[PDB]
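Here we start with a single chain on its own, the form deposited in one PDB entry, put down as structure tokens.
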């Protein structure tokens, strides 16, 4: 049994309903049990052009799946929520990212864990700190509470 953390985002459609449906679907896979859910935050898009605001949250799971089995479940959940993948990036109904998988570090073509951008993203760290303040991010070897920083573009929804 491995403790893992997922980052969820939605910036198109009924964002809150889609996040709540995603959590339910994730929890319904055998080998995944959702054990904690952060508050929802409304967040300014980063890393791209002006786009609709996201709702973001983090989920704690207890899992007996391998990290690649877990990735399959995350991507399937996105498919369930009709995530579009066009030639260019755009708004998405649901994004499910594996942030942490125990203390493991994985660097495969289709999977990087810990998530490569998480340590510089308030839309991850703020909600992650609500549920995983004392969890160690294995690359930096810091607890999440020592990575989190104040960001006024991330607000409680």
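The term rigid core refers to the most C-alpha atoms you can superpose between the two forms while keeping them within 1.5 Å. Numbering follows the first chain given and starts at 1.
One more form of this protein, deposited in another entry, exists but is not displayed; see below.
A.B. asks: Using the rigid core as the fixed frame, list which single one of 102, 90, 39, 52 shifts its Cα by at least 2 angstroms between this form and the one not shown.
C.D. replies: Only 90 moves by 2 Å or more at its C-alpha.
A.B. asks: If the C-alpha spacing of residue 92 and residue 126 moves by 3 Å or more in the other entry, is that a move closer or farther apart?
C.D. replies: The answer is farther, because the C-alphas of residue 92 and residue 126 separate from each other in the other entry by 3 Å or more.
A.B. asks: Taking the shown form as reference, are the C-alpha positions of residue 17 and residue 90 brought closer or pushed farther apart in the other entry, with a change of 3 Å or more?
C.D. replies: Pair moves closer in the other entry.
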